[PDB]
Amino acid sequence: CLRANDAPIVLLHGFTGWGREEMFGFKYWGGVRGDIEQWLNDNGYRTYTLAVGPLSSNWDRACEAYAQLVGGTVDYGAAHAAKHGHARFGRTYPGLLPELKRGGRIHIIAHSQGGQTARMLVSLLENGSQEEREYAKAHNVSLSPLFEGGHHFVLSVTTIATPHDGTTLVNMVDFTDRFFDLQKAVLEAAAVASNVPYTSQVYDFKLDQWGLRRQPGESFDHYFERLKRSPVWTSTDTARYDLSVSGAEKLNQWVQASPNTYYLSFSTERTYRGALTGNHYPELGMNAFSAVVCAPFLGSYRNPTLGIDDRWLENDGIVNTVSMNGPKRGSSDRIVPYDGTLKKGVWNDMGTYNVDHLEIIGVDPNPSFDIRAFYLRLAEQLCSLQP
């Protein structure tokens, strides 16, 4: 790289994901292929990993990301917490990069719903929250600096297989059961059983604000049955809602691109069209869970009420490919095909890759995908960005 900025890289997972000490060290970023953070660091690209609530709303996850980056106690905002009935304060972090408070900046590389979270964190840093500012005045409580506005420390957001317009998977019948089957499948990829009541946490869902935690003598099977019936699955303040086509559009209506930030999007597809009616079908090698449980629905579900037609049928096993190049539904962001120069304040569509939702992070194998070269080439591009 010809280095133009010194900003560290920050990895951010989707609606599954866990810290480097979790899952007995099986890495979400790298999976069965290795340790992407370690590869980037070993190649001279300083990289860190964020771990936030996988099932929690993008709002909560953005507040957690902020505290984890600059240090301190997660503050979800007094108004937000009162409106949805969960704790105002989350856990306390030492802070990965306190220098963000004095002028440092970062590149965020986000997978799946991580891309919504990274977008939202930028929006909150730039504009704050009018509602939280007003509520703090009215009720004489403190206000997180995150909601003040006029802050800036994200130089770029890169999203990979992100459902910026949602995924129609949420509309599948029995989505609740199949989604937590997906969680168990990822646990099994990590060689972690779902019917064993581990005494260590192994996979912390970080639901402190909701007061939820896997109990002593409780298996993931039993825990997920509880989670299904909990507010983190049944409220609007959830990843599940933000993942829907409707919820993603609502998010897009206020989370917009900042002129001070480069946005890069990577799309993923792992399907073919058949010759019967033009439906899409999983290619050989797509991870087994998606191939059997999710891809047939994704490549055949049409919904005229929500504008879900033939453009939505291509998919990566989890997300409709059309959803990934940037926010569109309810969004005024601009999306431009990458042309050799990356532009600020717009989505640079870096193209589509023939890699499925879990292969792109190495949680499922794909020997024809040079995952190491993919992330090293991305880090070079970010290293080259003009500050």
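Numbers for residues come from their place in the sequence shown, where the first is 1.
In this entry, 303-311 shows the higher mean Cα temperature factor of the pair 142-150 and 303-311.
In this entry, 167-175 shows the higher mean Cα temperature factor of the pair 167-175 and 226-234. Between the residues 62, 36, 51, 336, it is 336 that shows the highest Cα B-factor in the PDB record.
Based on the entry's C-alpha B-factors, the most elevated value among 129, 117, 156, 290 belongs to 129. Among the modelled residues of its chain, residue 197 has a C-alpha B-factor that falls in the highest third, as given in the PDB entry. In the PDB entry, residue 24 places in the middle third of its chain by CA B-factor. Residue 47: CA B factor lies in the lowest third for its chain, per the PDB record. Sorting the modelled residues of the chain by their CA temperature factor places residue 215 in the highest third. In the deposited entry, the Cα temperature factor of residue 69 places it in the lowest third of its chain's modelled residues.
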